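Undergrad: Residue numbers (UniProt numbering), protein chains in the order written: chain A, 29 to 30, 32 to 144; chain B, 60 to 141; chain C, 29 to 30, 32 to 144; chain D, 60 to 141. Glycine included, every Cβ here is placed at the ideal spot set by N, Cα and C.
There are 4 protein chains.
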Amino acid sequence: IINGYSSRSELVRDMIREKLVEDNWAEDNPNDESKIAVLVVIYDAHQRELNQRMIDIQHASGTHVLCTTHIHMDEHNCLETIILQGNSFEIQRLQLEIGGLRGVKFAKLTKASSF
Amino acid sequence: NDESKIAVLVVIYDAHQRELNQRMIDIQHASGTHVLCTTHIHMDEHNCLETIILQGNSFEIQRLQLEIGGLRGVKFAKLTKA
Amino acid sequence: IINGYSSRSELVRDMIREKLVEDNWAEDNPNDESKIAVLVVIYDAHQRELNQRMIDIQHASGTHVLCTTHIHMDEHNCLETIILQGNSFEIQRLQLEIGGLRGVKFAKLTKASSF
Amino acid sequence: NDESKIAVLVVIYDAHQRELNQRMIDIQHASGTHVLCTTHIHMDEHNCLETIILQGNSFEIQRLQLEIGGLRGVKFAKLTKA
Ligand code: NI
Ligand code: NI
Ligand code: NI
Ligand code: NI
């Protein structure tokens, strides 16, 4: 528990929450298109063509990208939170395509469900 | 290692719990430069999603995650670290 | 020109751009629901009930609010850019309802059209 | 009056002009703490909208608006001041 959680049943509640959202994604109509996720990306701020490729990829997915918020971290690094909505397949496709771009140093998905 | 780092806290919360978002905001304002910004999607009548971008050493980031994630009405609060 | 624009035809280009987006909003099918706008709001960070009311108002408009990005300016002030998509009427209704909340100090609309 | 202020620069630009967004990003990174964050909506196949939140005195804010608004491929660039 000591990054230091506060008590006994505090690390476990946090686990049941992302267990329950993770069980949601597994057994829910593969083809349900309202699921939403956050893709967190850190990338080289001056990799030729990288930003344009990421834009192109997001625009070709269209309806599946709600917005992106970008932080200029420093001279070398940008962080983006890209908010996605679609089925599991469309969301994983997008994560993988952005993850496989030269200059992307980090591309991690957080799955979010409605309650 | 007491190094400043960026992190994203993803929260889903009940769009109707009174005082919840006022509490979330008080915490973030009282944290000053450790919150960079928040983005919010109104997912449906009962749920809001926020991505809250944070900046600090891992102990400061942790204290923030605890404080926001422990609020009544918060259904999900998961942290991603640089 | 001196906030200081650079030359002669530089202040005027900037005027033709928001003339042309402003002429767009005036004579385009009142009922076209794809128009998008940015509502910029500055508000009292600790006005009882203000944030909840703003959320309620945005959730009741639903599909018409794409996202909001919030900056905690200081102890007393928050800024938000609320991105809206709808017809002119839905967008103006929303601006007015947020503008008439106790604690909102500033609520200005920027209309954005596709080219 | 040489006071730091917040401002929002709303930009619409061509989602296909090569080098445009790399230029926009270079300017913002080279401006350091005068850019707080950007939010981007992919409006359609040919247009992106960004809200770029800035911080600085009115001369610094102006220099930024000029630099970003003058880029080829930028179709609209309008500033809102606190
Ligand atoms: Ni950047
Ligand atoms: Ni909401
Ligand atoms: Ni705030
Ligand atoms: Ni775009």
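What does D/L68 pair with, by DSSP beta-bridge criteria?
TA: D/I111, D/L138, per the DSSP bridge assignment.
Undergrad: In the DSSP assignment, find the unbroken alpha helix (DSSP H) run with A/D85 in it and report its ends.
TA: From DSSP, the alpha helix (DSSP H) with A/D85 extends over 79 to 90.
Undergrad: Return yes when the C-beta of D/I84 is under 7 Å from any heavy atom of ligand 1, and no when it is not.
TA: At least one heavy atom of ligand 1 is nearer than 7 Å to the Cβ of D/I84, so yes.
Undergrad: Between B/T92, B/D103, B/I71, which has its C-alpha nearest C/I100's C-alpha?
TA: For C/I100, the nearest C-alpha among the options comes from B/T92.
Undergrad: Going along chain D, which residues have a C-beta under 7 Å from A/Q87?
TA: Under the 7 Å cutoff, chain D gives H101.
Undergrad: Against chain A, with Cβ distances strictly below 8 Å, would D/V94 count as a contact?
TA: Cβ-Cβ to chain A under 8 Å: yes for D/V94.
Undergrad: My guess is that A/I112 and A/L95 are in contact by the Cβ rule of under 8 Å, so how many angstroms apart are they, rounded?
TA: Right, their Cβ atoms sit about 4 Å apart.
Undergrad: Within 8 Å (strictly less), CB to CB, does D/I120 reach chain A?
TA: So no, D/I120 is outside the interface.
Undergrad: Ligand 3 and C/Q81: does the residue's C-beta get closer than 7 Å to at least one heavy atom of that ligand?
TA: False, no ligand heavy atom lies under 7 Å from that Cβ.
Undergrad: Can you name the residues of chain A whose CB is closer than 7 Å to the CB of B/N106?
TA: By Cβ distance, chain A contributes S143, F144.
Undergrad: Could you tell me whether any Cβ in chain C is nearer than 8 Å to the Cβ of A/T139?
TA: Chain C contact via Cβ: absent.
Undergrad: Mind checking if C/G91 is an interface residue toward chain D, Cβ cutoff 8 Å exclusive?
TA: No - not a single Cβ of chain D is within 8 Å of the one on C/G91.
Undergrad: Flag A/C96 as yes when its Cβ comes closer than 7 Å to any non-hydrogen atom of ligand 2, and as no otherwise.
TA: Answer for A/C96: no, Cβ out of range of ligand 2.
Undergrad: Determine the closest residue to B/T97 out of A/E119, A/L68, A/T110, A/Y72, with distance taken between C-alpha atoms.
TA: Ranking the options by Cα distance to B/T97, first place goes to A/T110.
Undergrad: Can you find the residues in the same chain that come closer than 8 Å, C-beta to C-beta, to B/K134, ignoring five residues on each side of it along the sequence?
TA: Counting only Cβ-Cβ distances below 8 Å, and skipping sequence neighbours, we find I71, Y72, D73, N106.
Undergrad: Closer than 9 Å by beta-carbon distance: list the chain A residues that pair up with C/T98, in chain order.
TA: The contacting residues are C96, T98.
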